[PDB]
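To start, the structure itself, in structure tokens.
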Amino acid sequence: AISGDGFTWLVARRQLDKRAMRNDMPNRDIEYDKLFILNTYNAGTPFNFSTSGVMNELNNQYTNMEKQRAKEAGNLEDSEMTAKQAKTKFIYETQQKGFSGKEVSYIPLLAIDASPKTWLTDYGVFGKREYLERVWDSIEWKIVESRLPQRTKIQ
Amino acid sequence: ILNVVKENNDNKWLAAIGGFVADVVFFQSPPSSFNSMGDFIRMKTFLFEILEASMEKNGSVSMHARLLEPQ
Amino acid sequence: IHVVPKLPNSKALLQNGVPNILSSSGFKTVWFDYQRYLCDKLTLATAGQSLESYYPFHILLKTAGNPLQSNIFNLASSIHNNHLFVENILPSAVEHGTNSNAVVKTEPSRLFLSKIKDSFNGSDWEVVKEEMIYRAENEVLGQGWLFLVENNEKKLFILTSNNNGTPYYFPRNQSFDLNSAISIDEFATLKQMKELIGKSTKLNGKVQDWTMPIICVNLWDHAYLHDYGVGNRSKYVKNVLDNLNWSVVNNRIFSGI
Amino acid sequence: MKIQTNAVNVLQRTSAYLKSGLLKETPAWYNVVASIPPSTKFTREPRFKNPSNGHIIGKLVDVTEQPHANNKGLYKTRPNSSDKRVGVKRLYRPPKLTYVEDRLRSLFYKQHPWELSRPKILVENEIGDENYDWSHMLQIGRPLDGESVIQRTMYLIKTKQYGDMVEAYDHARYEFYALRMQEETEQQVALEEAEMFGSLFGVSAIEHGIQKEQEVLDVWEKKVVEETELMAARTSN
Amino acid sequence: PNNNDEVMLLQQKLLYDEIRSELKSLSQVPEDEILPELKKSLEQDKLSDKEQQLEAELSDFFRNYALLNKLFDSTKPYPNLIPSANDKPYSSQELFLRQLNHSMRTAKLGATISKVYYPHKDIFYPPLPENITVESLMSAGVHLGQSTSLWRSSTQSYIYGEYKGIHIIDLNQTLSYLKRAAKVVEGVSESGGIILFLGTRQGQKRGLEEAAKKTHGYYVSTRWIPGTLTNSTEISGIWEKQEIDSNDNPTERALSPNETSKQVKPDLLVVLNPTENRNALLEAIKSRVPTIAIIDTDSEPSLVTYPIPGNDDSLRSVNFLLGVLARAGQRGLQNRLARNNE
Amino acid sequence: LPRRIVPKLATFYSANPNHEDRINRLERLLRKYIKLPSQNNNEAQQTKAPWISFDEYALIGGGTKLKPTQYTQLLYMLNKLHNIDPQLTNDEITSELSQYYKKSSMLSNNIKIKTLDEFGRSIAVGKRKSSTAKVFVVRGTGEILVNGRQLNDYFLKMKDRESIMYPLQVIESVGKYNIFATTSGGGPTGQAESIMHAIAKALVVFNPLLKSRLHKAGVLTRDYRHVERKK
Ligand SMILES: [Mg+2]
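Those protein sequences? They're chains 4, A, 3, U, B and I, same order as listed.
For the first sequence, PDB author numbering begins at 162 and goes up steadily by one.
For the second sequence, PDB author numbering begins at 231 and goes up steadily by one.
For the third sequence, PDB author numbering begins at 8 and goes up steadily by one.
For the fourth sequence, PDB author numbering begins at 1 and goes up steadily by one.
Residues 36 to 109, 126 to 393, numbered by PDB author numbering, are exactly what the fifth sequence covers, in order.
For the sixth sequence, PDB author numbering begins at 33 and goes up steadily by one.
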């Protein structure tokens, strides 16, 4: 489905959304709840811990800057700018929370390149699916199993 | 939210989300706009979280939601 | 069914490619193969629906505001953009197949060079070309399109799109790559655009944009890799902008006669 | 209504006007109609075959053609009452056209009710242009829908790859699921990829529904209030 | 290359606006401010040989083109556009013309469309009768008859079968009847006869008007006045007639009142919806006017000279059959105008 | 060479061949120029629509056959073509529409702009019942004279005095003008209201932008009521 540059990742959600003493135990912190598939585009990363919230953070700067310019103008807030910005911020937050906490990270296990650079030379314009079929028949599952964290058997 | 009182005999209210009627489970308490609005509760829009969606043999979709309230 | 348009002097194009830009193999990839690939996918996506009777430009406008028709929009935008690129880089728009014409010296018109000076603070065409090459290299990390556009205020400016971004409709220009980091100034532009789209009263949530392209350069790997290779896309854009067909580019500027 | 005579004999009635001299000048249509005679039989015509299924109409199976015993274990030795009733009416009644594909079409949409929600255009383009190779399900010019499955099933049974219609149908159904899953992903991913490059959309489908529901719920609020006040006054009586 | 030519005009146009704007400024100033001071200058000035040249050259130039002239006598596209200043943004009208320029050149780039039905082309690009197939008739819906409950059993011989609670018309017969009907229209057109196209169902006017135009015929889309043919002198005598040559050009000869009251009877009547036009059909019979009509499964075939079995309820089916008949008439007209030339 | 007599109009066999032919001509124009945008001054309600009367159109549109709804259909198409943007219109449209404009070009208007006289006075006449009043309004300080006499002397009823002041009260200019009113005929009420009507008509010269407010207050409407002989 990816039209241009990107990657399809086989990831493993890290069950360490506590954030307390995080990244201090290479086994207690390396535990995977469930596996997922994720698509990244151009130079996007599959981790999601170093980039989640970026838009929410920039959104809060914009509102504060606009609110401070409004104070200079001398305005009586607004009927629905405090209720719209609030909703935009409340949704931005609720959509990035984790099961317990808001520290959701992912452990790369596999990655398939979608960029035409990889498959255009050998397979042609019409052979992306042929490329992806031969990619599946060329995956060394040993390397992937190696990257796999240990299951979080909280159950 | 369609009803201002949980479905009789059931511990869940009913919501109208995207052309489907779902069963909404609340975190702990029911927002106070319920009692205030009353039978006109359907006149207001709330934000929900869709937990899961199942399919029954009658050909219906069993959508379970959660009344996300501003906090 | 959407079919690939026939191009003037197609026998020459299949033998000697486009002189000074693409070879025969390079042109077969960009047009004879990719355009066939796009049209077939568009037909499969739109056959049996009302969109089948509309030209690609109209399809993208009709679907620009529909989130779940983005796949159709991407195909329509790419098809329209590719023929905008292949049209202004073509040796001759007129079919001199039986006239065997080998003298096509097209140069920027006076109206084009007058609008360039007006819109770029007196910069010359050569300087603007350097800015266009720079903008492509720093703003389009992967696939995309480079456009020289004209707005409702008679001002020529440079627009770059990521993947299949239309120049006509600013909500779908796709000029900001949100996979990477953005400055507060870029977020302000996005926030202002969102406000404009919310002021529209139409139930389709659509706005009016009268921007029109003047020059189109394909920045996809289907156009340069085979002949230039990874990393040499700036040498490709330089050749394209130096060998444009100005009979087509001049006709795209509204004169009013 | 009686079979009219005067509409098809305009030439003969006109010819009497011209021969007698009541009409001096020959009409412009006169020569044209003379060269192209109207059809004037207006008869009912028998039919001996159903064009859809090739069933023969008007054939009686004689007792000599049923030598073996029936499902009840009895031989047929004499014509039955049905065999002795004249069946001329069947020759003239327009035959009911039937198709095996109709049975599969009803099955497909009973198994997949939501395929009905995908709009279908009944307006034809040009039936004569359809050049389809049903070795594959996808075709250039037509959508992927239930009919793609039915035509694929018929090709399988026609090529004798499968013997039972059910097996061919199941084989076609899975080909249909694969194509439907690839399209559901192309649309989800295309939306996701566009938002990641700064695409903005005014109203989503979910938002469109909320707005329409509000318009209706606002009129409903007024009427409810009005009708909950007339009741109070009327009940006070 | 030649832009300067237009620039030269614009310069004058701008100058003209400046001259006019300050002509109106002096129309407000009181005469007491200008006149006495102006006259005083002349009282303090002495005319020179050259000044006098214009004293009489302008007097004649103003006594020739302003006073002793005839006030009356006994850029081609959009010539009234007011262009905006080169610094100002495009006006609403200019944006419309700027979009029209895009629509002609760019708007159709990327793909061509094949094998797609466009409704208007049925009227403007009808096929010839010899190129019509069963597929084409079926694509237009001509085979879809009425409910089997509404069957007029006199149509039995046209029926192919019943399907989905309706009778299916046999298109093989429709094609043969259509070809016969088309030849009749062509014959009457080539002979110079009056062809009237009658259809009173909503939406048929466009097809009816074009059919009449391309056959040099006549049409009625609103209402058939009962008696138009049998009581023609009380209904149509007042309307104007004209004399025409073999090329269908008005001779311009004035017509005697005797010639302008005579009944003008159609040579051929085409009826799109005969079930609602019994009056017209019976008048045609009484008046010995041959008729063509689309006969649906509930319609009486014997009421018309040349029936065409087919769906009469769909505008596509009707306009498809009307288009074929209209083009057949056109070919007859073109063959008559050609034999006159040679 | 051979000649024949044929109906002039393609719509000959219709109920009204003349009206249908004219409608077809206008419909062709509306089809050929479907794209041309319409006036945005239509929101500004441009006051131009001089179309011929139903009776005048009956001379060319079938006479007795002409039906009111047919005339209504003609106006809906004449206005639509007329309302095309003036800059983007063409000669063809205007040529077709010219035949439908009410002919009022050979004749001229009978209204000359009213202006203050040599002494800065606005003179207007008013009538009520049998009374008449000729007032001279000039810029001043609120001095009024009725037939050379003080207002309180000539008009004893305060309601009559209040009627005279009302037009000046509408434009809030009671202390900005001197009124020299001369009245004759009828009684106190007719004369007071005739002066009221004449002041309102004389105030429009000083500021023609206030005519709409004067009309809305009702002081520019000549009261028609008079003593009626019983019938
Ligand atoms: Mg019918």
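All residues carry an ideal CB built from backbone N, CA and C; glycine is no exception.
Can you pull the chain 3 residues whose beta carbon is under 7 Å from the beta carbon of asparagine 38 (chain B), in chain order?
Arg117, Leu118
Just the chain A side, please: which residues come within less than 7 Å of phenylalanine 251 (chain 4) by C-beta, in chain order?
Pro300
Measuring from each Cβ to the nearest heavy atom of ligand 1, keep the ones under 5 Å and list them in chain order.
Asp347 (chain B), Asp363 (chain B), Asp364 (chain B)
Cβ-based burial, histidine 258 (chain I) [other Cβ within 10 Å; buried from 16]
exposed
I need the boundaries of the alpha helix (DSSP H) containing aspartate 125 (chain 3), first residue and last residue.
117-126
At least one CB of chain A closer than 8 Å to the CB of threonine 255 (chain 4): is that the case?
yes
In the DSSP output, what is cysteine 223 (chain 3) paired with across the bridge?
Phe154 (chain 3)
Check whether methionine 181 (chain U) and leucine 185 (chain 3) have beta carbons under 8 Å apart:
no
For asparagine 184 (chain I), count neighbouring C-beta atoms within 10 Å of its own C-beta (all shown protein chains included) and say buried if the count is 16 or more, exposed if not.
exposed
Between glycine 263 (chain 3) and chain B, is any beta-carbon pair separated by less than 8 Å?
yes
If you drop the 5 nearest sequence neighbours on each side, which residues of the same chain put their C-beta closer than 6 Å to that of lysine 35 (chain 3)?
none
C-beta neighbour in chain B for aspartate 133 (chain U), strict 8 Å:
no
Between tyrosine 267 (chain 4) and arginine 174 (chain 4), how many whole angstroms is the CB-CB distance? I'm expecting something under 8 Å.
6 Å
Starting from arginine 175 (chain 4) and walking both ways along the beta strand (DSSP E), at which residues does that stretch end?
167-175
Under 8 Å between beta-carbons, which chain A residues line up against residue 379 (chain 4)? List them in chain order, please.
For chain 4, the structure presents residues 162 to 316; residue 379 (chain 4) sits outside this window and is missing.
How far does the beta strand (DSSP E) with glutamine 293 (chain B) in it extend, from its first residue to its last?
292-295
Taking the beta strand (DSSP E) that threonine 221 (chain I) belongs to, which residues open and close that run?
Here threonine 221 (chain I) belongs to no beta strand (DSSP E); instead the alpha helix (DSSP H) covers 220-235.
I'd like to check one pair, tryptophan 253 (chain 3) with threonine 113 (chain 3): are the Cβ atoms closer than 8 Å?
yes
Does DSSP put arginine 231 (chain B) in a helix, a strand or coil?
helix
Locate the alpha helix (DSSP H) running through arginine 180 (chain 4), then write down its first and last residues.
Neither: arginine 180 (chain 4) is in no alpha helix (DSSP H) and is coded neither H nor E.
So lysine 195 (chain 4) is in the beta strand (DSSP E); what residue range does that whole segment cover?
192-202
Here's the rule: buried if 16 or more other CB atoms are within 10 angstroms of the residue's CB, otherwise exposed. What is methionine 219 (chain 3)?
buried
In this structure, how does DSSP classify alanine 47 (chain I) when only helix, strand and coil are distinguished?
coil
Are the segment 95-105 of chain U and the segment 48-61 of chain U touching, with three or more C-beta to C-beta distances below 8 Å?
yes
Span of the beta strand (DSSP E) holding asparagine 169 (chain 3)?
163-169
At a threshold of 7 Å, does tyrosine 168 (chain B) count as lining ligand 3 (C-beta to nearest heavy atom)?
Of the ligands this structure carries, namely ligand 1, none is ligand 3.
Between the alpha carbons of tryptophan 134 (chain U) and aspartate 170 (chain U), how many angstroms are there, rounded?
16 Å
Can you give the Cα-Cα distance for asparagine 137 (chain B) and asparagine 324 (chain B), rounded to whole angstroms?
59 Å
Can you tell me the Cα-Cα spacing of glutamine 151 (chain U) and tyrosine 228 (chain B), whole angstroms?
33 Å
How should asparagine 89 (chain 3) be labelled, buried or exposed, when 16 other C-beta atoms within 10 angstroms of its C-beta is the threshold for buried?
buried
CB contact flag (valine 93 (chain 3), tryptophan 152 (chain 3), <8 Å)
no
Counting only beta-carbon separations shorter than 8 Å, does residue 245 (chain U) have a partner in chain 4?
In this structure chain U extends from 1 to 237, so residue 245 (chain U) is not present and cannot be described.
Which of the residues in the segment 118-146 of chain 3, read from start to end, lie with their CB under 7 Å from any CB of chain B?
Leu118
Relative to the alpha-carbon of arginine 272 (chain A), which residue among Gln214 (chain U), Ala178 (chain U), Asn70 (chain U) has its alpha-carbon at the smallest distance?
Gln214 (chain U)
For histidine 9 (chain 3), which residues in chain B fall below 9 Å Cβ to Cβ?
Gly161, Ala162, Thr163, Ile164, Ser165
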